[PDB]
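J.: So the deposited numbering is basically just the index in the sequence shown, starting at one, shifted up by 339.
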Amino acid sequence: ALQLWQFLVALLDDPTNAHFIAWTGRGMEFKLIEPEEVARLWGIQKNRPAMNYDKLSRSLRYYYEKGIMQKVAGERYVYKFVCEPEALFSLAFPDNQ
């Protein structure tokens, strides 16, 4: 039941992953340094060997359209988590509401 956003946070928490995904240091902003590597690891997590970044980025778009993330303008692979009351509810309850 692991959400993509949770998987990304697990990768981001470990600084030894910073060569493919990293917190940028600007608040809750993060960068996919190697987008296809992030997607490969997500495919391993989900046992979906045909995973790729095209597919993973659909979920990033679903998250930013819902206001749980925002896509950073002028960047291709930079996103941020939203720090707002309503977004926190969604993060607290991915499986039941």
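Here a beta-carbon is modelled for each residue, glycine too, at the ideal position from N, C-alpha and C.
(1) Less than 6 Å between C-beta atoms, sequence neighbours within five positions excluded: which residues of the same chain meet that for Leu350?
(2) Spatial neighbours of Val411 within its chain, please: C-beta separation below 8 Å, excluding the five flanking residues on both sides.
(3) Check for me: the beta strand (DSSP E) holding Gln409 runs from which residue to which?
(4) Around the C-beta of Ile383, are 16 or more other C-beta atoms found within 10 angstroms, so that it is buried, or is it exposed?
(5) Tell me which residue opens and which closes the alpha helix (DSSP H) that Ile383 is part of.
(6) Can you pull the DSSP bridge partners for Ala361?
(7) Grab the span of the alpha helix (DSSP H) containing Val348 for me, first residue to last.
(8) Can you tell me whether DSSP reads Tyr418 as helix, strand or coil?
T.: Concretely, from the data shown:
(1) Counting from 1 along the sequence shown, the entry for residue 350 is found at position 11. Excluding residues within five positions, the ones whose Cβ falls inside 6 Å are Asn356, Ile360.
(2) Against the sequence shown, residue 411 aligns to sequence position 72. Only residues of its own chain outside the window of five on either side were considered, and among them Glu368, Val417, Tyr418, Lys419 have a CB closer than 8 Å to the CB of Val411, listed in chain order.
(3) The count along the sequence shown starts at 1 and reaches residue 409 at position 70. Where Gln409 is concerned, the enclosing beta strand (DSSP E) stretches over 408–410.
(4) Within the sequence shown, numbered from 1, the residue matching residue 383 stands at position 44. Per the 10 Å Cβ criterion, exposed.
(5) For the purposes of this step, residue 383 is identified with residue 44 of the sequence shown, where counting begins at 1. Segment 374–385, the alpha helix (DSSP H) holding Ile383.
(6) Taking the sequence shown and counting its residues from 1, one reaches residue 361 at position 22. In the DSSP secondary-structure assignment, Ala361 is bridged to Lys370.
(7) If you number the sequence shown from 1, residue 348 lands on position 9. Note, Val348: alpha helix (DSSP H), 343–352.
(8) Residue numbering aside, residue 418 sits at position 79 when the sequence shown is read from its first letter. If DSSP states are grouped into helix, strand and coil, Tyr418 belongs with the strands.
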